[PDB]
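Before any comments, here is the structure.
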Amino acid sequence: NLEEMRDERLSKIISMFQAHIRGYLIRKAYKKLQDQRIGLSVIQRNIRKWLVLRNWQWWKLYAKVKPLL
Amino acid sequence: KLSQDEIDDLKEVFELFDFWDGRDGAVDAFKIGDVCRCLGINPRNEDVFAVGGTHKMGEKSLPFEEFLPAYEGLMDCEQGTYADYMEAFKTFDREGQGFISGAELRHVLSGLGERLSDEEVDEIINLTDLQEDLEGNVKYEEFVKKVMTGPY
Amino acid sequence: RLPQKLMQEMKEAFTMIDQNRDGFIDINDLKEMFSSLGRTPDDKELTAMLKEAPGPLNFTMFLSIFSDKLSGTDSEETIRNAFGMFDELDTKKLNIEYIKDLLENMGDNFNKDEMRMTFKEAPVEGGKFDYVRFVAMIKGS
Ligand SMILES: [Ca+2]
Ligand SMILES: [Mg+2]
Numbered sequence: 769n770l771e772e773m774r775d776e777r778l779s780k781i782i783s784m785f786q787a788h789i790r791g792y793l794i795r796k797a798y799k800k801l802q803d804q805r806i807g808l809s810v811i812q813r814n815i816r817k818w819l820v821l822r823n824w825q826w827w828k829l830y831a832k833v834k835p836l837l
Numbered sequence: 002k003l004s005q006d007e008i009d010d011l012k013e014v015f016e017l018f019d020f021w022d023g024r025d026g027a028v029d030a031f032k033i034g035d036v037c038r039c040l041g042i043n044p045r046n047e048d049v050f051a052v053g054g055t056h057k058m059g060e061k062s063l064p065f066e067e068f069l070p071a072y073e074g075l076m077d078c079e080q081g082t083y084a085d086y087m088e089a090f091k092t093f094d095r096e097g098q099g100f101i102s103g104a105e106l107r108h109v110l111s112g113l114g115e116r117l118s119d120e121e122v123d124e125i126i127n128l129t130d131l132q133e134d135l136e137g138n139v140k141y142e143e144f145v146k147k148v149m150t151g152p153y
Numbered sequence: 016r017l018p019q020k021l022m023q024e025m026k027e028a029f030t031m032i033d034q035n036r037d038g039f040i041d042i043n044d045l046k047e048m049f050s051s052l053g054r055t056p057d058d059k060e061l062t063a064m065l066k067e068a069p070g071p072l073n074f075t076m077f078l079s080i081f082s083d084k085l086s087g088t089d090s091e092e093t094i095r096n097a098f099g100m101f102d103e104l105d106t107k108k109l110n111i112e113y114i115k116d117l118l119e120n121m122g123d124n125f126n127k128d129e130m131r132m133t134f135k136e137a138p139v140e141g142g143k144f145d146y147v148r149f150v151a152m153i154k155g156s
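Chains as they are written, first to last, in the authors' numbering: chain A, 769 to 837; chain C, 2 to 153; chain B, 16 to 156.
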């Protein structure tokens, strides 16, 4: 039984090390995950504004006027 | 036990992950492990399963209140020490000089324990800037330290 | 909400449309502005535009009309960099399957109708969503 215990502990230690790698990978990606969250909010909100406002005559005017300042 | 400082961090992360699976006040049980990883703990897959983690997206979803206790349950998971890691790698070091071949390194990482994908392996070796030498050997002690100390 | 640079823009827009330098936009200002830009709408369309204001169209009224509709909008640049966020190699494109996925299954999900109207006229070629061109389209009709 001392040989089975040894194989199990070695195998657990490796798993813990892989746990450490998994940890590292996620933490590495965190900051980009946050920025992307903002990015995707920008994209969904703006598309949604467009869909509402694109047949509204005031907006059609406003947009032709905006490039002139 | 849990510092309010800590409960705050958990909320921040929880909301990020909530957003990322469809804002609705719940995180997929499959992403349980990753939330906790973001919070700075290193659970084995078997740990996150024991607290309620699922094998695939879409089976179960957790609101924050069901999630908090999952987090508390993993928070005390066993975490490897450097000494443990060196002992483990030493069993593959053929002459005890501190080198292991890159192919062996890949065998232990994707062929043993909770096997990591080829993609995951290539990435940690990339991020840690671990190079092999002309005969394909790497110093496992550098790699172990780089992984342990983290991306920053 | 709502940011200063946007308030400054609405004010500049109000000012140009107000050809009289009235402090009010009236139907003459509108006919004047429209005719400076292209086809001028009939007096019915113009008065209908003006009736959306429950009073004389001064600047605070102009604000009432545009504030809610513009409050969450961002500059072309902000939106292109939002797309850039998912374009690591800066190809200026996105895989059509990728952007559809983000929009529909993550964040504040798009329902089936929002997806339909989004991609009806989107510039997509060879599986590639042209997000720069797409941004131009949602900023300028
Ligand atoms: Ca969610
Ligand atoms: Mg006037």
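Just so you know, even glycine gets a beta-carbon here, dropped at the ideal spot from N, CA and C.
Residues of chain A with CB closer than 7 Å to the CB of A97 (chain B), please, in chain order. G807, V810 and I811
Does the beta carbon of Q34 (chain B) fall short of 8 Å from some heavy atom of ligand 4? Ligand 4 is not part of the structure shown, which contains ligand 1 and ligand 2 as its ligands.
Neighbour list for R45 (chain C) in chain B, Cβ cutoff strictly below 9 Å: Within chain B, no residue comes near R45 (chain C); the closest Cβ sits about 27 Å away, beyond 9 Å.
Which residues in chain B sit within 9 Å of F20 (chain C), going by Cβ to Cβ distance? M121, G122 and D123
Using a 10 Å radius around the Cβ and a threshold of 16 neighbouring Cβ atoms, would you call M784 (chain A) buried or exposed? buried
From this set, B:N120, B:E119, B:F125 and B:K108, which residue's C-alpha is nearest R148 (chain B)'s C-alpha? B:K108
Determine, for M48 (chain B), whether the minimum Cβ-Cβ distance to residues of chain A falls below 9 Å. yes
Residue 1 (chain C) - containing alpha helix (DSSP H), residue span: Limits of chain C in this structure are 2 at one end and 153 at the other, which puts residue 1 (chain C) out of reach.
If we ignore side chains and look at the alpha-carbon of each, how far apart do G26 (chain C) and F65 (chain C) end up? 7 Å
Look at the alpha carbon of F15 (chain C) and the alpha carbon of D9 (chain C), and state the distance between them as a whole number of angstroms. 10 Å
Three or more C-beta pairs below 8 Å linking the region 813–821 of chain A and the region 50–64 of chain C: no
Would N43 (chain C) pass as a contact of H788 (chain A) if the rule is Cβ separation under 9 Å? yes
Identify, in the order they occur along the chain, each residue of the same chain with its Cβ nearer than 6 Å to the Cβ of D35 (chain C), setting aside the five sequence neighbours on each side. none
Check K61 (chain C) in the structure and name its three-state DSSP category. coil
Classification of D48 (chain C) by the beta-carbon crowding that lies within 10 angstroms, buried from 16 upward: buried
State the start and end residues of the unbroken alpha helix (DSSP H) segment that holds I125 (chain C). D119 to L128
Within the continuous alpha helix (DSSP H) that includes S82 (chain B), where are the two ends? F74 to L85
3 or more residues per run - each beta strand (DSSP E) lying fully within the region 33–78 of chain C: 62–64
Where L117 (chain B) and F39 (chain B) are concerned, what is the direct C-alpha to C-alpha distance, given to the nearest angstrom? 44 Å
Would you call the region 128–148 of chain C and the region 33–48 of chain B touching, i.e. three or more CB-CB distances under 8 Å? no
Look at the Cβ atom of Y113 (chain B), then the Cβ atom of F144 (chain B), and state whether they are nearer than 9 Å. yes
Evaluate contact between the region 88–106 of chain C and the region 788–798 of chain A, counting only Cβ atoms and requiring at least three cross-stretch pairs below 8 Å. no
Going along the chain, which residues of its own chain have a beta-carbon closer than 8 Å to the beta-carbon of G99 (chain C), five neighbours each way excluded? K140, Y141 and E142
Does DSSP classify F125 (chain B) as helix, strand or coil? coil
On the premise that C78 (chain C) lies in contact with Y798 (chain A), defined as a C-beta separation below 8 Å, what is that separation, rounded to the nearest angstrom? Actually they do not touch by this definition, with Cβ atoms about 20 Å apart.
Between which two residues does the alpha helix (DSSP H) harbouring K834 (chain A) extend? That residue, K834 (chain A), is in no alpha helix (DSSP H); it is neither H nor E in DSSP.
What residue does the alpha helix (DSSP H) around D44 (chain B) start on, and which one ends it? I42 to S50
With a CB to CB cut of under 7 Å and the five nearest residues on each side skipped, what residues in its chain are close to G81 (chain C)? none
So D803 (chain A) contacts chain B; which residues on that side make the cut at Cβ distance below 9 Å? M100
Assign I33 (chain C) to one of two classes, buried (16 or more other C-beta atoms within 10 Å of its C-beta) or exposed (fewer than that). buried
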